[PDB]
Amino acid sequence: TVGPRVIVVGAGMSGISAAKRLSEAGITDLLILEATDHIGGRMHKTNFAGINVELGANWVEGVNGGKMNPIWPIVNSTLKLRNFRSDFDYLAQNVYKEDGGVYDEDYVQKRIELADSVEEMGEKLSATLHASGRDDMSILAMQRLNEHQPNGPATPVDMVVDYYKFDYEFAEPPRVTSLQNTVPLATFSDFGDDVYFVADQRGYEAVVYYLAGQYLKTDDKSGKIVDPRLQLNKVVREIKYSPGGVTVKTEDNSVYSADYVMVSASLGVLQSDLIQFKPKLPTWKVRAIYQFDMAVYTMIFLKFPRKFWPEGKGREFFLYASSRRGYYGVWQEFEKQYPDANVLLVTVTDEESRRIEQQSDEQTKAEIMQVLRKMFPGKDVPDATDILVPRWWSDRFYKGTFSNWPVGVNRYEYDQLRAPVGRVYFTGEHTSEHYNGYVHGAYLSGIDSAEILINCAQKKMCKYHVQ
């Protein structure tokens, strides 16, 4: 209301998290400009065949460990969102042959245990690498080293197990992922190995709404945010920054002045031309932006007239060992979450996401049907009534689903990604110190960014030291 003025570009988890922390400090002259018509960003539900499923984030990841994941108390106590712990203990019983049914439980268990031990060997190696990343390598290189091969898992069952362990977590092959920064993963080290599937008709986005309503005016009857400080359908296109202040222009031609700007748009948006920076960001910052990876994670949802797949103990997750790596390979069924719904979830990432997002929904369903018939021959498997293909990469406001730490990026270079430039500050999961790629990472990153700025506005400490 009176004092420094901060524009916050974007109202996903990090934007809302940041504005909250700024408000708490007494910086209340905030203007949040959100490109879409709602808050929540990559936490977003949608109606699929009469129920509400998540287009974006779906799990609270990292529960039951030595430290409390900040997102978990919100989900499980405050809002009591309907959720289920994901059990992956039975995958060995649930691996399907490209043509002809499941593999022998015993056989798959060996391959799984084998992969697990290579990764444990990777964890030990990781623990010994220098903080500068000087002697870091790709997850694949580590695998090659342990396996004494010129290649990583290269066999239908081994590859889907590989894909399940790594691609299904990070959305890119182990080939491009940094060992030192993903194995082991600070999320699981710090907050615990368990993951909980949010299945509540309110949406995982409730967390963002709840945090938003802590400091933004909401209607007493309705509940809707009515705070003039939050502005929806406001697409930032240009940011002008001087040593004296900043200017933010939106697509509808409005121009706003501020003391500071908090950019919360995804790494992908930063990698696009959507937002122009005048003057252009320095080389150090630009290299940092283009060297990090914005991955794609596609949650394809399907609706059926009847069910034809197993149900019961250990049946929730199952794999398809295609000879074609990452081809419709990780499957989920929702007996618990959406009982009597007849919905399957197949996940695809990276190269297959970009191919699939570009192709017609029909064609995609045709491919999926062909796969499903091979997996369950002699069951009578009906065409899917309905298909949902989330197109995050295509979307100009996201251009992907979450960041991934690539090989060749060290801690210094990652810190350059987060570093402010003048009065322009950065936030988002991709700025998270140890939790990039996650809801909690975005949440904690809003707090961290906000505090760097508060330390400038109030405390007058403005030179930020990259580390």
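Note that residue numbering begins at 1 and tracks the sequence as displayed.
On average the C-alpha atoms of 111 to 119 have higher B-factors than those of the other stretch, with 232 to 240 and 111 to 119 being the two compared. Higher mean CA temperature factor, per the PDB entry, when comparing 310 to 318 with 166 to 174: 310 to 318. In this entry, the residue among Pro184, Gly152, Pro382, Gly326 with the greatest C-alpha B factor is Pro382. You'll see in the entry that, of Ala212, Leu91, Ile289, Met262, the Cα B factor peaks at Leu91. Among the modelled residues of the chain, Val466 sits in the highest third by CA temperature factor in this PDB entry. Annotation for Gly400: CA B-factor lies in the lowest third of the chain's modelled residues.
Sorting the modelled residues of the chain by their CA temperature factor places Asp87 in the highest third.
In this PDB entry, the Cα temperature factor of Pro70 sits in the middle third of its chain's modelled residues. When the CA B factors of the chain's modelled residues are split into thirds, the value for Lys280 lands in the middle one.
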